[PDB]
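The form deposited in one PDB entry is given below as one chain in structure tokens.
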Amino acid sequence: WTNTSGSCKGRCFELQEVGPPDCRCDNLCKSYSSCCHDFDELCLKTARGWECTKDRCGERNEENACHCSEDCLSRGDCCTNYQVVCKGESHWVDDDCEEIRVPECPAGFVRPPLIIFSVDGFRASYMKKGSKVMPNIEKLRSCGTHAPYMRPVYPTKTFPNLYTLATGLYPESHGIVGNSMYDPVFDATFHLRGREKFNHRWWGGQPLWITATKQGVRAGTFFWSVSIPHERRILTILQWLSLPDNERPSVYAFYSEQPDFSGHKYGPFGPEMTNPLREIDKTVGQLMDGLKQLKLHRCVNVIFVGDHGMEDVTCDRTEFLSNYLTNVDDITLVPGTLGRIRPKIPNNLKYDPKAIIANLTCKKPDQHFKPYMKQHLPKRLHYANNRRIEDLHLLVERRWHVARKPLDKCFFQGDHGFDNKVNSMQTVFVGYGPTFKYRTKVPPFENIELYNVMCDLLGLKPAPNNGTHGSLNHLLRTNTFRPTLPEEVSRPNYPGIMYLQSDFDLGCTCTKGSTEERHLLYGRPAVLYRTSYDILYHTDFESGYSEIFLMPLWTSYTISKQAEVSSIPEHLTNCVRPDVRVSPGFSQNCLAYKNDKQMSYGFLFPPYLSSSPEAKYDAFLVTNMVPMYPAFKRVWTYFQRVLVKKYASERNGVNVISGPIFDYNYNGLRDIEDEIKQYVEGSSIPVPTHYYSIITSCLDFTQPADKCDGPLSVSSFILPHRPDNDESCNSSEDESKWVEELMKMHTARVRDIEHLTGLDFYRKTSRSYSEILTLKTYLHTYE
């Protein structure tokens, strides 16, 4: 029970959230039906609007939404344009950009406050409109630090992305995996409407306001109800900034439901989009004018950030499951720009997922969605390790929708939620203030990295998250994080020739300085876990061979622009040779591959790229072979025989690092021995879930990859090791029509491979460690 007979006089939007029986006056009191009786009258006043006019200058009526009185500067409740209209001051946007070398804060401000100004559905390309439509935002962008775009997380929806911005976590870790979700342990559904979202049980990880409070830094509200106009949200933030030193927060958030609302109705390029964009710019202007009025415009760090973009999507572009499935009444579909399927009744014995996927696979030539069991989704989405993510997922093609049946002019022209590499899904990032760099453009980056930066801007230690601390140090003038190189746990063994050909009963038949200088360009990768492994040198490649997995953890080799591709001679087709540096007890065997009728093998260093016939014999060593399904070999052989040479010709040589990945529990992390669920028949040779490659070259392509003096250029992938090519609808055609498209879909960051393998790359370069961390977060999108 709450005593609603109390008053909100002198308490409007207070930060101390009182509990029952005291009535509330904070911004969230309406959601819990606990506001005091006069909260709407005293705190949500709108009389005379939000702007001072000439006739209003010089007195005071408490009924006014904001004031134009001489005492309003002391009270901290002027309308944001008061100084401009009444005291001959200029608007912030009309003032020239002046570098902020150090924080210029009034007395009592120990650190520069942070204001996060978040905009829903603000597509990156909206920034190209410029100062014609958005001058305040253009001033922040050109004067501060900006990226051409920021990558959101998948699904590219509001709730997963705002919570990722707050925690630095992937949605699978923070638990907000969609705007709608069913949790089978709670036996409950979370939805935008409804009370379920208010229960803390859904919200995992540690959001910024909690990180701040636990470390003694105060926070303003990060949740604004729709019954509070934007002008009042700005005035409330300004009011809080005027509080006494022991009460004033250091971190604030502003949220706008626009341009997302108008984007859904009119499309991202509808002429109707101009007005909501100008209204967001005027809100930014009100904030900067109010900060200038407070002498805080050269003190506060401001982040202008979006959650996701917006794409043209209409009713006319909808695929229906009833066209592929006999029974859509027995399944529940979370629909739209993604699909998540589960039986209507949990654990229904008649649910046949194998038969459902089969019916949704390559059934139409222009099929505008692709089904996946969640562990088969591209690893860069990081969208599998949560009980709220249904096993069956549909990746929807951009501009399309998926629905259960036709019943479910269009009422909408825009939507979002698609794969986070889609261009229309990219959003904005601008940092402005004393701690951000001046007039600096930075490369595009992922929104999971912002939590570390916001913690840096506030002097906070971030809770464990998925950002790479130090990868965004180039955005900041000061408060950079001093990253520390991860300690190598296992030191390599360097075995010499110790065995004879006669020591092996495997059922098989058939210049270290120069190797390191040519094929290991950035030093040996560090093994960050306890294991036994051997460095093996060869003329054409170097490898880190695992005694536990019986295969390389990594294989490193350089292919120059003028390297020649050769064929495997007919007499060497089935050649596998024992390695006299590795014990028969620590080797794979050919008998297990012959016994396993579904599993064949491939090589990490390709025999096709040997530098000479004599050197080609090393490519056939048992220590260079890895288990591969014949369907996968079509992909791997095309990559090794055609694509590597193509990349070497285009990038002026390439350094390739390839190897296996074991991620049976789809958690994005290296499996321990116990978690590996498949082995080559009758053996202890584990079967990889994926195969990776990291392809590095010189950013200045006029210098060969093996003689590069400056920054590096990287592209990587994590290919699913699957027994069929069902993901590629055109895989009956020659590999030149489908393999590269499959690889582009499975593009990856080097950081994604490090998590999945327990290895640490680029340990020996002439580049700063912060630059290397940025290179490790790079994702080549092919957009």
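The numbering used is simple: start at 1 and walk along the sequence shown. Rigid core here is just the name for the largest C-alpha set that superposes within 1.5 Å across the two forms.
Colleague: Specify whether residue 407 falls into a modelling gap in a third or more of the other PDB entries of this protein.
Modeller: Yes; at least one third of the other entries leave residue 407 out.
Colleague: Zero if continuous, otherwise a range: how many residues of the deposited sequence are missing coordinates between residue 408 and residue 409 (none, 1 to 3, 4 to 9, 10 or more)?
Modeller: Count of unmodelled residues in between: 4 to 9.
Colleague: Per the record, how many residues of the deposited chain fall between residue 59 and residue 60 without being modelled: none, 1 to 3, 4 to 9, or 10 or more?
Modeller: In the deposited sequence, 1 to 3 residues between these two have no coordinates.
Colleague: Can you tell me which stretch has the higher mean Cα B-factor, 329-337 or 391-399?
Modeller: Here the higher of the two C-alpha B-factor means belongs to 329-337.
Colleague: Would you mind comparing 569-577 and 618-626 for me and telling me which has the higher average C-alpha temperature factor in the entry?
Modeller: On average, C-alpha B-factors are higher across 569-577.
Colleague: Of the options 453, 115, 705, 127, which has the highest CA B factor as deposited?
Modeller: Of the options given, 127 has the highest CA B-factor in the PDB entry.
Colleague: Could you check 665, 348, 250, 426 and tell me which one carries the biggest Cα B-factor in the deposited entry?
Modeller: The C-alpha B-factor peaks, among 665, 348, 250, 426, at 348.
Colleague: Is residue 282 in the lowest, middle or highest third of its chain when residues are ranked by C-alpha B-factor?
Modeller: CA B-factor rank for residue 282: middle third.
Colleague: Within this chain's modelled residues, let me know which third the CA B factor of residue 717 belongs to: lowest, middle or highest.
Modeller: Lowest third.
Colleague: Consider only the C-alpha atoms of the modelled residues in this chain, order them by B-factor as the entry records it, and name the third containing residue 529: lowest, middle or highest.
Modeller: Answer is middle: the recorded C-alpha B-factor places it there.
Colleague: For residue 82, does the deposited CA B-factor place it in the lowest, middle or highest third of the chain?
Modeller: For residue 82, the deposited C-alpha B-factor lands in the highest third.
Colleague: In terms of the CA temperature factor given in the entry, to which third of its chain does residue 259 belong: lowest, middle or highest?
Modeller: For residue 259, the deposited C-alpha B-factor lands in the lowest third.
Note that the form deposited in another entry isn't included here; everything after this is about it.
Colleague: With the two forms fitted on the rigid core, I'd like to know which residue in 185, 349, 107, 497 is displaced by 2 angstroms or more at its CA between this form and the one not shown.
Modeller: Flagged residue: 349.
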